[PDB]
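Now for the letters of each chain:
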Amino acid sequence: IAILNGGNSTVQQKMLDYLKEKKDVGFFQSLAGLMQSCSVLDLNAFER
């Protein structure tokens, strides 16, 4: 977030080029896993 703050096109392009050159499905799989494991509000714990 700190490096990409303001939507720096240079950094965005460098990340895209790195991902394209080094085909890394693991990065997207890790992102999917993180957003799947992100916590949400649960009523049972609040009642406890």
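Everything here concerns the structure above.
Residues numbered from 1 in each chain as written, not as in the entry; some residues may be left out. Part of a larger assembly, values for the part shown. Heavy atoms only, no water.

Another aspect to go through is the overall build of the protein chain. Across its full length, the protein chain carries three helices and zero strands. Counting from the amino terminus, helix and strand elements in the protein chain follow one another as α-α-α. Within the protein chain, the proportion of its 48 residues that are buried is 2%. Counting only carbon and sulfur atoms, one obtains 61% of the accessible surface of the protein chain, whose full area is about 4800 Å². (Helix = DSSP H or I, 4+ residues; strand = E, 2+ residues; numbered from the N terminus. Buried < 20%, exposed > 50% of the residue type's maximum accessible area, 1.4 Å probe, protein only. Areas by Shrake-Rupley, 256 points an atom, 1.4 Å probe, with all protein chains shown as cover.)

Once that is clear, we can look at helix α2 (residues 25-37). Its 13 residues place the ends of α2 18 Å apart at the C-alpha level, agreeing with the 18 Å of an ideal helix rising 1.5 Å per residue. The backbone nitrogen of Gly26 lies 2.9 Å from a side-chain oxygen of the residue at the head of α2, namely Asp24. (Expected span 1.5 Å × (residues − 1). Polar contact = N/O pair within 3.5 Å; in protein donor to acceptor, adjacent residues only side chain to side chain.)

Together, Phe27, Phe28, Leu31, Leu34 and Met35 give the surface a local cluster of nonpolar side chains, amounting to about 510 Å² of exposed area. With respect to the secondary-structure elements, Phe28 resides in helix α2. (Patch = residues over 30% accessible without salt bridge, like charges linked within 9 Å, V, L, I, M, F, W, Y side chains within 5 Å. Salt bridge = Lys/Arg side-chain N within 4 Å of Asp/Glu carboxyl O.)

Next up on the list: the packing of aromatic side chains. Tallying each qualifying case throughout the model produces one aromatic pair. Between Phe27 and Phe28 the ring centres are 5.3 Å apart and the planes differ by 75 degrees, which places this aromatic pair in the edge-to-face class. (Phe/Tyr/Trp six-rings, centres within 6.5 Å; stacked < 30°, edge-to-face > 60°.)

Along the chain, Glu47 falls in helix α3 (residues 43-47). Under the relative-accessibility criterion, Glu47 is labelled exposed at 57%. Separated by 29 residues in the primary sequence, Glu47 and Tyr18 have C-alpha atoms spaced 47 Å apart.

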